[PDB]
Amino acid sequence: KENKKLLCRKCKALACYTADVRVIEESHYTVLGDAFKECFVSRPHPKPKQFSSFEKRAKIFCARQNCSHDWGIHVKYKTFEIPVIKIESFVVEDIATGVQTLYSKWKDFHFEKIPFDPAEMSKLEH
């Protein structure tokens, strides 16, 4: 349906749009685009682990000045290296009303959840 914005919960800076969100295995969420990479920084995860289909390499934080709010992790998924965000760190804002809402779990936030597609990235990267 309509498009929404994701704002950092701590500093409230624009993070990304739900239009660029892709769902893996119906439970993990990543964001497509090179623009988004400017929004977060990556750093060594203290306790690296491997679950489901990923290999946890680091945690990502808000790229902003004094913010650095924990946004999620960065992993290895198949032939890719992608960030994985937790809805709990962001504020969802309806673009046409300014109405903001907070979700604790991805399952409680109902929007168009488009599945992650490897062919969708090799088309934008090649």
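Residue indices: 1-based, along the sequence shown.
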item	value
Stretch with the greater mean C-alpha B-factor as recorded in the entry, comparing 13-21 against 112-120	112-120
Stretch exceeding the other in mean C-alpha B-factor - 32-40, 53-61	53-61
Residue of maximum C-alpha B factor among 69, 86, 45, 74, per deposited coordinates	45
Entry-reported Cα temperature factor of residue 93, expressed as the chain third it lands in	lowest
